[PDB]
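Here the structure comes first, spelled out in structure tokens, and everything after it is commentary.
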Amino acid sequence: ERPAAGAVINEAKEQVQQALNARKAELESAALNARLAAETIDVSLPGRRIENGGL
Amino acid sequence: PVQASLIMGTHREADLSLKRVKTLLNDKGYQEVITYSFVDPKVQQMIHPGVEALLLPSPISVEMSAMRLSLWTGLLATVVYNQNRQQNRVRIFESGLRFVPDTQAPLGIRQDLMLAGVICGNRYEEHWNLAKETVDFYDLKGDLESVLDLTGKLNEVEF
């Protein structure tokens with residue numbers, strides 16, 4: 001039963017490694033969202049252009 | 001209604017439309033202007049000194065008694081006109097004939113269609129994200145290169 005014991009322990013280690021990856025994905029998406037929040041701009045501000053002339 | 005034939009006439013793809021060049025100048029911040037073909041010879045002498053212009057005997061006035069040797073007298077009079085009305089930034093163009101006395105030309109006067117313009121003041125109007133800088137030589141040349149690029153021969157232009 002020693003191969004059965006090692007398979008249950010490694011199945012537990014894989015379950016911990018999955019939660020570590022899921023949390024690492026949560027953090028890097030949380031940093032991306034923080035960057036998106038800081039980059040908010042006033043979209044109503046006038047754009048950059050030279051005025052149009054007419055005939 | 002007239003009953004006549006429907007014939008196409010001859011087109012040339014190699015023609016450059018003057019109206020297309022005006023459209024580009026509008027899209028570069030230029031207003032079209034139309035000035036008088038006869039101007040004040042005092043002002044034109046300040047711009048083209050010593051050049052004898054065809055003068056009108058019995059004109060409407062002395063300030064309209066000289067056929068324009070270029071379009072600059074009328075253009076420069078237009079910016080001064082607007083600057084007297086609290087308008088420093090003036091970007092205008094005009095198309096029209098110039099009249100240069102020439103013995104080898106019909107009626108002794110050569111009449112060429114010209115495209116001229118003048119810019120002054122800041123590059124842009126006051127803007128929260130555009131720097132206040134007076135217009136310079138390479139601004140006008142940039143607009144002229146835009147015009148000449150419509151010919152497809154910009155690689156052969158020289159300043």
Side-chain angles (χ1 to χ4, degrees), chain A residues 50-55, chain B residues 12 15-123 134-151 153-154 156-159:
Chain A
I50 195 159
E51 69 278 352
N52 296 341
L55 303 174
Chain B
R12 201 176 80 105
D15 287 329
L16 185 57
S17 183
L18 177 52
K19 307 184 178 188
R20 174 60 182 96
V21 170
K22 296 190 174 185
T23 301
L24 180 139
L25 287 183
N26 287 143
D27 297 340
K28 297 304 179 185
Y30 287 73
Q31 175 60 47
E32 187 188 26
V33 127
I34 303 184
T35 67
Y36 283 105
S37 304
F38 28 64
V39 299
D40 189 351
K42 311 175 199 61
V43 178
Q44 182 161 260
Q45 209 74 15
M46 282 185 291
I47 301 179
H48 311 288
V51 189
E52 301 186 18
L54 182 58
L55 303 172
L56 277 168
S58 295
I60 188 65
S61 76
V62 187
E63 292 73 37
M64 300 180 183
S65 61
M67 304 307 298
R68 61 190 189 192
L69 293 157
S70 64
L71 270 56
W72 289 352
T73 293
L75 284 171
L76 290 184
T78 303
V79 31
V80 168
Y81 181 93
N82 292 275
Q83 287 180 343
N84 292 332
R85 278 78 171 173
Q86 302 177 300
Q87 302 156 27
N88 166 46
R89 187 171 173 270
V90 175
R91 330 181 88 246
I92 57 182
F93 71 90
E94 176 179 12
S95 65
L97 294 179
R98 69 172 179 187
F99 311 86
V100 277
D102 180 13
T103 64
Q104 305 167 248
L107 297 319
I109 183 84
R110 196 172 75 258
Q111 312 178 65
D112 306 316
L113 182 62
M114 314 299 292
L115 179 67
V118 52
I119 54 182
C120 63
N122 290 342
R123 227 115 62 175
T134 53
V135 69
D136 60 79
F137 180 91
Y138 303 106
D139 299 308
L140 187 56
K141 175 171 183 176
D143 302 332
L144 291 180
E145 292 180 322
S146 293
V147 170
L148 295 171
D149 197 74
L150 295 175
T151 79
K153 306 170 183 174
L154 187 55
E156 305 174 330
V157 181
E158 285 174 273
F159 286 63

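Side chains included, hydrogens not; waters and symmetry mates left out as well; all remaining heavy atoms used. Lettering of chains follows the sequences in order, A, B, ..., and the numbering in each one begins at 1.
Scanning both residues, B:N88 and B:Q83, for their nearest heavy atoms gives O-NE2, 3.4 Å. Minimum heavy-atom separation, B:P101 to B:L69: CD-CD2, 3.9 Å. Between B:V62 and B:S65, the shortest heavy-atom distance links the atoms O-OG, 2.7 Å. The minimum heavy-atom distance between B:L24 and B:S146, with the atom names listed, is CD1-O, 3.6 Å. Closest approach of B:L71 and B:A116 over heavy atoms only: CB-CB, 3.7 Å. Summarising the geometry of B:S70 relative to B:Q44, their closest heavy-atom pair is N-OE1, 4.1 Å, with the distance given to 0.1 Å.
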Worksheet item: Taking it one step at a time, do B:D143 and B:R91 satisfy side chain to side chain contact (heavy atoms under 4.5 Å, CB included)?
Response: CA-CA 11 Å; B:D143 302 332; B:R91 330 181 88 246; 4.1 Å; yes
Item to complete: List the steps, then state whether side chain to side chain contact (heavy atoms under 4.5 Å, CB included) holds for B:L25 with B:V147.
Response: CA-CA 8 Å; B:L25 287 183; B:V147 170; 3.7 Å; yes
Item to complete: Report the C-alpha distance between B:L115 and B:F93 in whole Å, list the side-chain angles of each, state the deciding distance to 0.1 Å, and finish with yes or no for side chain to side chain contact (heavy atoms under 4.5 Å, CB included).
Response: CA-CA 7 Å; B:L115 179 67; B:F93 71 90; 4.1 Å; yes
Discussion item. With side chain to side chain contact (heavy atoms under 4.5 Å, CB included) as the criterion, how do B:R89 and A:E51 come out once you've worked through the C-alpha distance, each side chain's angles and the decisive distance to 0.1 Å?
Written reply: CA-CA 12 Å; B:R89 187 171 173 270; A:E51 69 278 352; 2.6 Å; yes
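Heavy atoms of other residues, nucleotides or ligands lying less than 6.0 angstrom from NZ of B:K22 number more than 12. For B:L113, the CG atom counts as densely surrounded, since its 6.0 Å shell holds more than 12 non-hydrogen atoms of other residues, nucleotides or ligands. B:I34 CD1: 12 or fewer foreign heavy atoms inside a 6.0 Å radius.
Note that the NZ atom of B:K19 and the CG atom of A:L55 stand 9.5 Å from one another [nearest 0.5 Å]. Rounded to the nearest 0.5 angstrom, B:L140 CG and B:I119 CD1 are separated by 4.0 Å. Here the CG-CZ distance, from B:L148 to B:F159, works out to 6.0 Å after rounding to the nearest 0.5 Å. Taken from CH2 in B:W72 to CE in B:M114, the straight-line distance is 9.0 Å, to the nearest 0.5 Å. Here CZ of B:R68 is found 12.5 Å from CD1 of B:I47. Values are rounded to the nearest 0.5 Å. Rounded to the nearest 0.5 angstrom, B:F38 CZ and B:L54 CG are separated by 12.0 Å.
In this structure, the side chains of B:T78 and B:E94 stay at 4.5 Å or more apart for every pair of heavy atoms. B:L75 places a side-chain heavy atom less than 4.5 Å from the side chain of B:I92.
Under a 3.5 Å cut-off, the side chain of B:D139 and the backbone N or O of B:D136 do form a donor-acceptor pair. Judged by distance alone, the side chain of B:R110 and the main-chain N or O of B:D102 form no donor-acceptor pair under 3.5 Å. Put simply, the side chain of B:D149 never gets that close to the backbone of B:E145: no donor and acceptor are under 3.5 Å apart. Checked by atom type and distance alone, the side chain of B:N26 never pairs as donor or acceptor with a backbone atom of A:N52 at under 3.5 Å. The backbone N or O of B:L97 lies less than 3.5 Å from no partner atom in the side chain of B:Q111, so there is not a single donor-acceptor pair.
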